[PDB]
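Experimental coordinates follow, after the sequence.
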Number of protein chains: 2
Amino acid sequence: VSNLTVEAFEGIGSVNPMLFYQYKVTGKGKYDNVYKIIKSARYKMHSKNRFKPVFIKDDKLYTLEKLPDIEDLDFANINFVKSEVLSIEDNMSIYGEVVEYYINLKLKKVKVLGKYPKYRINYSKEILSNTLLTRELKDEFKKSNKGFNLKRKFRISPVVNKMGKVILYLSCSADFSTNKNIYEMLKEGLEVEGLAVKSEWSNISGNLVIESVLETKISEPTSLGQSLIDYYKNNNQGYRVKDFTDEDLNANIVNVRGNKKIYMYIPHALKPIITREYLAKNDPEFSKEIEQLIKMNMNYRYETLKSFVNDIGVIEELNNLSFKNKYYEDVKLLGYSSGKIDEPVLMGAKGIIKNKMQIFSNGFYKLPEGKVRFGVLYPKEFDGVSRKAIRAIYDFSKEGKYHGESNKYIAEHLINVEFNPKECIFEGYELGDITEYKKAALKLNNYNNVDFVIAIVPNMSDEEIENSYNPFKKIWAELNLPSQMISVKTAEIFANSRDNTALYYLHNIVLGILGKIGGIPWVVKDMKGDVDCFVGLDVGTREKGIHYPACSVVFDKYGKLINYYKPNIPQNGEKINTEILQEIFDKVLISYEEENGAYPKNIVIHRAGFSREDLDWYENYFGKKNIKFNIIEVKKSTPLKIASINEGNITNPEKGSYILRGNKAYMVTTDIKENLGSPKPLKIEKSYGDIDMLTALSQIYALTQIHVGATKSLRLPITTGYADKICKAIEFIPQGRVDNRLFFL
Amino acid sequence: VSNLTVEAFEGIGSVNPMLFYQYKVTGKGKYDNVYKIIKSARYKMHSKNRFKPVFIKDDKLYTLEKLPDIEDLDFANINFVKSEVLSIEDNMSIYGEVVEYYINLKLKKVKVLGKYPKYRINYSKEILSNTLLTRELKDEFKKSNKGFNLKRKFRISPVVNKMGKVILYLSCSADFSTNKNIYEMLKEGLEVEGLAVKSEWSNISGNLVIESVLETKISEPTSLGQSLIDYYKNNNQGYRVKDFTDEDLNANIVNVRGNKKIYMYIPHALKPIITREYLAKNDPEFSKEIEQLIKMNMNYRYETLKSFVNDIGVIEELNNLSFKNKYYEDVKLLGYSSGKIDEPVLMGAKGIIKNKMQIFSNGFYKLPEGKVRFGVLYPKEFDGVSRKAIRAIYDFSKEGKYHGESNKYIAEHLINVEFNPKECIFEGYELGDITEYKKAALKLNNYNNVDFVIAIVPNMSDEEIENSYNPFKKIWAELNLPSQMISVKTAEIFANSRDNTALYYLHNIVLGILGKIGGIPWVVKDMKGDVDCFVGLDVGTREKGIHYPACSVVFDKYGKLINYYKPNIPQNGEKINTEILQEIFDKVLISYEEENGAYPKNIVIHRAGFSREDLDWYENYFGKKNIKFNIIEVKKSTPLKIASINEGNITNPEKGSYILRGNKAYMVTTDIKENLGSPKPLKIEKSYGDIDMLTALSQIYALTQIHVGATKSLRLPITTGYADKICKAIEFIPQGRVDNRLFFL
DNA sequence: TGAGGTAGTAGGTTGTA
DNA sequence: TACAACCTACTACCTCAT
DNA sequence: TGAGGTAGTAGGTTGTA
DNA sequence: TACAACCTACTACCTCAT
Ligand SMILES: [Mn+2]
Ligand SMILES: [Mn+2]
Ligand SMILES: [Mn+2]
Ligand SMILES: [Mn+2]
């Protein structure tokens, strides 16, 4: 079989207990809180003493060599107290920061091509390398003609065991940067209006965009009364303007939007934000050619981290601590337990489907009762393309025909739709205003013979004349009319169809049309464990100060959506108030009581993120009702990657592969072939419950594969996944009584 | 006729341009922003120099006498720059702060009873007086046996004119305080668990409540490793524990909830929060006897401020500046323009109603089409009382009978209700859990013959076994069933009815029942101005970090509710995003187009609070559609009171009385007789429009008097008023298509 | 917005106290 | 103030092939 | 939560920059 | 950090009287 591993390198040899110099910090300012200044005190000590190692215990600053007591700082009076040898088993974190400091110090003295510094060391977790190991295993600078510099971005995190053995955890991202700021582009004369930029001089986190390029020079006094050069000279940064030339004073002032008022900045201060979109606007060949360099399968990540670990080498000051340059052959050496979860079985109209593609041959599982009449909006300039699009949709759905002819892939009468073009309507809408899109949706409500909408929207791209998806879905949510939107590009795929490329777009459109009219295309036959309903809690945050309301979804043990609950009030962050948990879980027990006749014996709560709520509330609320419950924290954003080993040959793992240690599990849900990247596994952890962790993993992986809006499964379980989809389609929630019509899908 | 005035005293004589000593502040810290430290620099200079006058211009600190340059502060290096005589017409605010400083300095040397300081001077706007002018015009300390001290709280705000004349604006609140902290109550042995307290030692704004009283002493070392006395000695406040006795070390530690973790505080630090509820729990005779002292009509406020101004007297250092002790006979001397708005006319089934009481004799204006069958929830222990309650409601509504007999007050068949107790239902619910209240509401949905609910809830008071209003209105909003709730006390008023006291409760219940089924009891015949629809915008904030979504209401020019729009996403504070204004005002124009066939020629926007949104967005959006628009900022919370003068005899003004200067108007909407307080007028101001301000005042006062859920009018116009009511009933918004059924009413 | 996944980039919130 | 560990928003590329 | 108004108390947000 | 000018939340008293 295939083993599973993590991006982990063993440390050859051990570190030893060695002498530190423990210091202390007191709050010299008007405050007295040393925890409010502890990290800033460490950083000012570190930078003010030629980058020498300083470490942080709760108030204690440890330091590897005897360094003088710094009273110079205005906020921290660092003073020597005692010198001691810290033991290993009490001080895992301090030895971890020791090892990562010495790895940073060892990597600072490694160069490529004899003159060029290979790494960019800040003595931290993250390590920017200036060169990249390419696909052909050669260290090479990835720069563009326009100077877009690609940089590999490493992330060490060594973990020291109590016996002194160290285990180097790694990852590698990519960094988009450039040596060319705005000033060389203005000397080149490039159009930089409306351009997203950042300042390397201020650490303010705020999205900066250029308004214009004022021909006013920087030596000329601005509307602030003085010039900008003297503005930075007065503000304790005259060293930045000291290295200027007389050519540099001819720089035109570029103004910038700063989300409250326009800031007046010199163009030397500002670097453009380097995204994928910016490369697509500037250097498309570079943006296409690094796509095999940033989306990295596990073999290429292993080769990148192998070159990294070989560039670390032996550290001569930790009892000759060196690292192995290969992964663990099995993660049972880490406490993790490998394994592959059994794939779900899915039921159709005929029985077991082998793919999600076969649901269109075998037939849908649960058609909604009745008959659903279409009604199509389309932009007026795309009438024949839209006609061919709806023709292909209706011939797929009702007549079972693809390219007009009856096909073996598609069974006849998949959904009970009636779209007679002699009877039914093609209301066309002019592209233009948003209020005209809303009135177009009202005019398609104005006739009573429309029960579902296949409205054609303009593209998500093409940032001119306004997109109609958002006004359409707003008005159809206000009127409780379900609707599957299609962009003009997919309508062009349907009208210009010659191969089977449009067929897959028709598969996912028909699954959307089915799920939005309350149909269910497949269900699982059984689900592992003693569960009666799933609850998927998630609290999202769109912007700063805006939190998505705590959208819950309620499933049965067979995965089909019982209910969703959206509280009308927003809340204070990722903590759900206990009145909101009262609303949510009363709605859970009410809906399971209605659809099943009794309370659930077991509830499994899939909280997306951290379940920071009162477990005392849960124990009270479900011990009052004799309900066993479980809380699982399913977490997406994790830099850990699970690689799969076939005798040293690193590869992506199959879906349903997990690693398991205690109450934390990392599980792969997506099958990604190489040259498409690497699967980002889910961080799954139990905050309370009686279930073993493998049962919650089987439930979560079965809840990924029963996503009913695509023919390929979701990365998330659809508890947290559909909670995220409701959080995205939160202004699209339909008005009428909450039911099994998955509007968001 | 009756004039109108404000709480304003003229300053006899003039102030003169006199020599200051202008200073400057630079940002000595790691920052450099002097605006971030300007007020703190003024306060540290003021307190560090025996409370000498310091003033604030943009960065300039002015100071009345030559004071030494203070380099002592760690954040501000105050240094003398120049000494000058500031002219009057440039420096209104600085002379205002001069005059209020010298008023504070003059009042600090005025005492009552020869030994007791009358005022508590912080040299600010607010001035706590220790004694109160009572109703019998005598200065007397209002203290309780339990030491609850009532204190009058003044608020000076003098405004200096360019010629040097000063006009003293005043107000007076009351202060609830006590000299008795927790320690004297614990020496008295009082139960202080669960009690809301504040600390006089820390300025942290956070609602503190006591968890328990730990018998652990303060000298004993706590779980923080040390004792609390040494905790305040280590934290630069050893002077507070220096004046203690050996008896004081026997104080038991009282812990306190601090909204993130329990703080460990000495009982000497903590003072109980003194509310009306706390007086009601402790000293009810004191809480009833000061009710004529805190709710103050305009005559008693005038006598209080008269005694205040006589206690100021002549200030010998401002060219003998003294104040008149009487109000302005007319506010045309202030630029304000007095006037009384014509009362609205209201239409019924027969025509002009003279009161809102006569709508039950003349008949409702617009009954909803169809027939509405009741259905009653009631608590199981109140069955006969509930039976008599619903009997009185139905005999008022359908049969037109009060106390079982046909009355001349009530016309027969007010609403088309059918409540046959042989046919219809009395579902009774056990008092208890919240989920049982929700299942009771579901079981009353479970039968189809219920079209409105008259559910009987337990009281808003009586903080034991749970109130059922919130689960009932949640489930009835989820099921789109309108419902008028009644507390057990009002059911007892109906069952124990002998006088006509229950009749008025029946008036407002039947108006609620009508407005919730989409009926309209009265409309105005015409409304002054060229208006076609009203838009009431309001963004409320319940807690810290939670903002109510920007609830809009759309009316016609005849006041009846066209529409309400609640955006599903919360936002960032009192700024409405332009996408939210797009949603809101497209919904406005859509709903007026649907109900009227065309766009409105004129829109009047009643924004509640500040209209801080882009007026460029409004001009773009309504110049694209050729819609004239107006924005009026209707503001509640205002310390200005409008008094009415009848030849020196100050009194409350009638409703519809306004004062008007430019684009700011204060208008009285509530008729309050004396001994019930004073009317709090509305601050009404136009941020943009073409209408004159008097037309917007007539529209706003007509929009107060057409409140259709009470027989006495609202203080707010029902644009901003119903926006506030939707913001309160925001988790009660019904599911189905938004219409004229005022669920919130 | 066919759907889903990877990838960057930018910015958040919360515990750590 | 500050990082870690989670998030969200957005945009590219890329595939889909019983 | 009959409805509405005054009154406190507590705490917010935003401009002032 | 800080006030001004607006807000919200909560609780008392108080009236309602064609
Ligand atoms: Mn989310
Ligand atoms: Mn979709
Ligand atoms: Mn509000
Ligand atoms: Mn009500």
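Okay, I see it. Numbering: from 1, shown residues only, chains lettered A, B, ... in the order given. Ligands and ions are numbered 1, 2, ... in the order given.

check contacts around residue A:570.
Residue A:570 is in contact with A:546, A:547, A:548, A:549, B:546, B:547, B:549, B:570, counting by CB atoms under 8 Å, 6 or more residues apart in numbering or on different chains. C-beta here means a position set from N, CA and C on the backbone, and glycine is covered the same way.

What of residue A:717?
A:536, A:606, A:634, A:699, A:700, A:701, A:703, A:704.

can you rerun that using 10 Å?
Listed by CB atoms under 10 Å, 6 or more residues apart in numbering or on different chains, the contact set of residue A:717 reads A:534, A:536, A:555, A:559, A:606, A:608, A:632, A:634, A:667, A:669, A:682, A:684, A:696, A:699-707, A:723.

repeat for residue A:150
So residue A:150 contacts A:130-132, A:141-144, A:174-178, A:274, A:279, A:286, A:289-290, A:293-294 (CB under 10 Å, 6+ apart).

Which of those fall within strands?
Taking DSSP state E as the definition of strands, the contacts of residue A:150 contribute A:132, A:174, A:175, A:176, A:177, A:178.

For residue A:285, grab the count of nearby residues.
Using other CB atoms under 10 Å in any protein chain shown, residue A:285 has 10 other residues around it.

Quick check, it in contact with residue A:145.
Yes: the pair residue A:285 / residue A:145 is scored as a contact, 9.1 Å apart, by CB atoms under 10 Å.

Residue of chain A closest to chain B, please.
Chain A approaches chain B most closely through residue A:570 (3.8 Å), counting by CB to the nearest CB.

tell me which element that residue is part of?
Following DSSP states H and E, one finds residue A:570 outside all helices and strands.

Check the gap between it and residue B:540 for me.
Distance, residue A:570 to residue B:540, by CB to CB, to the nearest Å: 12 Å.

Show me whatever sits in contact with both of those two.
Residues touching both residue A:570 and residue B:540 (CB under 10 Å, 6+ apart): B:546, B:547, B:548, B:549, B:730.

With adjacent residues omitted, what lies nearest to the first one?
Read that as residue B:546. With CB to CB, 6 or more residues apart in numbering or on different chains as the criterion, residue B:546 has its nearest non-adjacent residue at 5.4 Å, and that residue is residue A:570.

again with the fourth one
The shortest distance from residue B:549 to any residue other than its chain neighbours is 4.9 Å, reached at residue B:567 (CB to CB, 6+ apart).

For ChimeraX, write the selection for the buried entries among the shared contacts of residue A:570 and residue B:540.
To isolate the buried members of these in ChimeraX, using 16 or more other CB atoms under 10 Å in any protein chain shown:
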select /B:546,547,548,549,730
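
Can you lay out the shared contacts of residue A:570 and residue B:540 as CSV showing secondary structure and distance to DNA strand E?
Shown next, in CSV, are the shared contacts of residue A:570 and residue B:540 (DSSP: H, G, I helix; E, B strand; the rest coil; distance: CB to the nearest atom of the strand, whole Å):
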residue, secondary structure, distance to DNA strand E
B:546, coil, 8
B:547, strand, 7
B:548, coil, 11
B:549, coil, 14
B:730, coil, 12
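
Which of the shared contacts of residue A:570 and residue B:540 sits closest to DNA strand F?
Nearest to DNA strand F among the shared contacts of residue A:570 and residue B:540, counting by CB to the nearest atom of the strand, is residue B:548 at 6.9 Å.

Might one say that that closest one is in contact with residue B:725?
No: Residue B:548 lies out of contact with residue B:725 (CB under 10 Å); the separation is 11.4 Å.

anything in contact with each of the two?
residue B:538.

Please parse chain A into its domains.
Structural domains assigned to chain A are A:19-84, A:182-267, A:367-516, A:523-638+A:681-728, following automatic domain parsing.

Distance to residue B:663 added to the ones you listed, as a markdown table?
What follows is the domains of chain A, written out as a markdown table (distance: least, CB to CB, whole Å):
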| stretch | distance to residue B:663 |
| --- | --- |
| domain A:19-84 | 43 |
| domain A:182-267 | 25 |
| domain A:367-516 | 30 |
| domain A:523-638+A:681-728 | 31 |
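
Check these for me and report the most buried one.
domain A:523-638+A:681-728 (a mean of 20; mean count of other CB atoms under 10 Å in any protein chain shown).

That domain and DNA strand F, are they touching?
No: figure legend: domain A:523-638+A:681-728 not in contact with DNA strand F (CB under 7 Å from any atom of the strand); closest approach 10.2 Å.
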